[PDB]
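Here the structure is laid out as structure tokens; the discussion comes afterwards.
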Amino acid sequence: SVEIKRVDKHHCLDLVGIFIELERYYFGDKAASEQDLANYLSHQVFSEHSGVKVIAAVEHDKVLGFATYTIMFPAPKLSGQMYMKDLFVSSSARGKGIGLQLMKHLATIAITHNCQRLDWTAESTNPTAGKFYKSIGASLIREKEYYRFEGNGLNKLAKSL
Amino acid sequence: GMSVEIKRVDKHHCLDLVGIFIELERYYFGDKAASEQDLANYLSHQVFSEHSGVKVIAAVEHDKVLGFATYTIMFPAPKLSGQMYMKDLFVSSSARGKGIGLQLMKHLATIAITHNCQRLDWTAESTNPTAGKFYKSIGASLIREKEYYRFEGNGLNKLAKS
Amino acid sequence: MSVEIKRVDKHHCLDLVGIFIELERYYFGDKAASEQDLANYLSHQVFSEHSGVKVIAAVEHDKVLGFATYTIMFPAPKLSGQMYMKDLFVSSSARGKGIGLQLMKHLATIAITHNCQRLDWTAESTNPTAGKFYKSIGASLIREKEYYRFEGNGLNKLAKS
Amino acid sequence: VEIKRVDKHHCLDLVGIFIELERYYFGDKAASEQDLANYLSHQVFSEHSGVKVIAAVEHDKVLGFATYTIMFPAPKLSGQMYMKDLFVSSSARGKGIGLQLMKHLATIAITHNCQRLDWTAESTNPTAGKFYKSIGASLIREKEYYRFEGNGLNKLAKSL
Ligand SMILES: [Cl-]
Ligand SMILES: [Cl-]
Ligand SMILES: [Cl-]
Ligand SMILES: [Cl-]
């Protein structure tokens, strides 16, 4: 019924529809145009310097949701740590458990590529997500502290080189 | 030139990281640190592999590695940009007070802004307060809203099977 | 509209055979290369370990309407790259759809997201309409630039001496 | 004096000569050593770079370099080689280094099916023009050089 597959570079534009939806959801009026996103997809998301791969859930030739993930090193027990950057399910596919299916699929990739961990973050201002994550058996790692340089802070650091 | 050099480490020279990795394994895992032979395979077959998403830079002096960082660029992110993420920063205890950690991060920041990233992110451990102070001291921000989730070992296998 | 701009990679390089056959007629008429020669050229040269260019194309109904080849050169001022467009070609059967300009909008976007402060290219003074098009989209003619060349025998001699 | 390609594992061998190039063109605005090491490591030598770098070395010192790319399509089913930069250390003047680098490029050009080696010079640098003509190069007068940059380049990108 609903298939999950990895999207390769030759089909990256198949993701445009769903990224537009993601853009509108997260940024509203500041959402990027379709040509912007096509360019972003072809030369950034699917560039040589991109650390992520992309999987997508497809039903009747339409994308219902996607996740991006990377495998990082080093990690405990001589293995990889998988990290999911984004999980997104179309409002039009809601109620079908798409997100769970995407995460089960990610879990499958993790074990076949010697990862013992699948990690990701959520926002505390989106308590729904955490409830969902907790409901599917995920553990919240309270000891983890998340740091960031950005905008001008990031620039000042770079310039101090 | 300069005494301490920062350079990329590529697949062809990955075994140059064996010394520093032994030191890292002892730090994180004490008793359970991996052997030299196992670290060499880890490096050659996993850290530098088709499925690996990280790259590595290292601080080098006198042909010994004093510290390294692994990093990757993740998508999507706001403003049609990338999000750089540093998986590990590790500096040898013998290279302490040489400002290697900051040096490595300056290079990371420069890579970030020349490769369409507007963020550089990473995590630290609350059990390692010293890291937190160091990061805040160089002007890093703590993102208190972020919640870190995980599946591992058996839970990961259950999730995959089900 | 139904026109997509996409990257062409090595695995799909033969998609360019049709538009290369057109480009060959346009510049060389009867001295145009055969289809077989162009497939070999695309497979063994244009996409090759020694090739310094990438390719984006405008495609509609699985037909290539136009393409641009480009590369990023170093060094250049301000610790940045310099993008160079080798060729821009739009099929006579796809004129009036603003495809040339759209291909350039994409290149410009790749340049600024990959630390380039310049997008450069050349035209022929014997092809006045190209220069007019370029000025009309805001490009500057760099009159101080002098273009030099070794070719054929002179090239063979330079290497041999 | 030996001429050979610098690969990524040795890109930092070029710091010295790059520093000199920066002083020579940008005077006080010259980038620092670390800036240059980072530039070489992650841009000049990156998967998105179109250039390779050859260097002339004598007694383990870099005396000069050239960067070049090979572009397509071009006439007669071949590549057109393009030299982006040629630089000779002032401390190696009078040794014919510039000429030696170009003969080497020519050798690369003919073994990779390029019928052409092209490059540009600045008319405000007549000595460069004179030198090129003197080694057999032809000026292609019909060539017009166009550019978008800075704000103009941004505006074009933003209209996407
Ligand atoms: Cl969230
Ligand atoms: Cl390698
Ligand atoms: Cl023209
Ligand atoms: Cl010049």
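Naming: A, B, ... by sequence-line order, numbering from 1 per chain. Computation of the quantities below employed the complete heavy-atom set of this structure, encompassing side-chain atoms and omitting hydrogens, waters and symmetry-equivalent molecules.
Put simply, OH on C/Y134 and CH2 on C/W121 are 7.0 Å apart, with the number rounded to the nearest 0.5 Å. For the atom pair NE2 (C/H44) and OG (C/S51), the distance works out to 14.0 Å, reported to the nearest 0.5 Å.
In this structure, B/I73 and B/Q83 have side chains that are not in contact, with every pair of non-hydrogen atoms separated by 4.5 Å or more. The shortest side-chain heavy-atom distance between C/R118 and C/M83 does not fall under the 4.5 Å cut-off. Taking 4.5 Å as the limit, some side-chain heavy atom of C/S43 sits within range of a side-chain heavy atom of C/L14.
Between D/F87 and D/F65, the ring planes lie tilted relative to each other; the angle falls in the 30° to 60° range.
Ion pairing between a basic and an acidic side chain is recognised when a charged N comes within 4.0 Å of a carboxylate O; C/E24 and C/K31 show no such pairing. Salt bridge absent: A/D8 and A/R6 never bring a charged side-chain N and a carboxylate O closer than 4.0 Å.
Between the side chain of B/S81 and the main chain of B/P78, a donor-acceptor pair closer than 3.5 Å is present. At least one donor-acceptor pair closer than 3.5 Å links the side chain of C/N156 to the backbone N or O of C/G152. Formation of a donor-acceptor pair under 3.5 Å by the D/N113 side chain with backbone atoms of C/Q45 is not found in this model. Counting only distance, with no hydrogens or angles, the side chain of C/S2 and the backbone of C/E60 share no donor-acceptor pair below 3.5 Å. Looking at D/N125, its side chain never comes within 3.5 Å of a backbone N or O of D/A121 through a donor-acceptor pair. Of the possible polar contacts, none joining the D/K4 side chain to the D/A55 backbone as a donor-acceptor pair under 3.5 Å is found. Using modelled atom types, no side-chain atom of A/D36 and backbone atom of A/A32 make a donor-acceptor pair closer than 3.5 Å. Remark: the backbone N or O of C/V8 is not paired with any side-chain donor or acceptor of C/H12 at under 3.5 angstrom. In this structure a side-chain-to-backbone donor-acceptor pair under 3.5 Å is missing from D/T67 to D/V53.
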Original post:
How far apart are the C-alpha atoms of C/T71 and C/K86, what are their side-chain angles, what is the distance that settles it, and do they pass the side chain to side chain contact (heavy atoms under 4.5 Å, CB included) test?
Top reply: CA-CA 8 Å; C/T71 188; C/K86 173 58 181 65; over 6 Å; no
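Within a 6.0 Å radius of NZ in C/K157, no more than 12 heavy atoms belonging to other residues, nucleotides or ligands are found.
Counted by atom type alone, C/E22 and C/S91 present one or more donor-acceptor pairs between their side chains at under 3.5 Å.
The ring of A/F46 has its center no closer than 6.0 angstrom to the ring center of B/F75.
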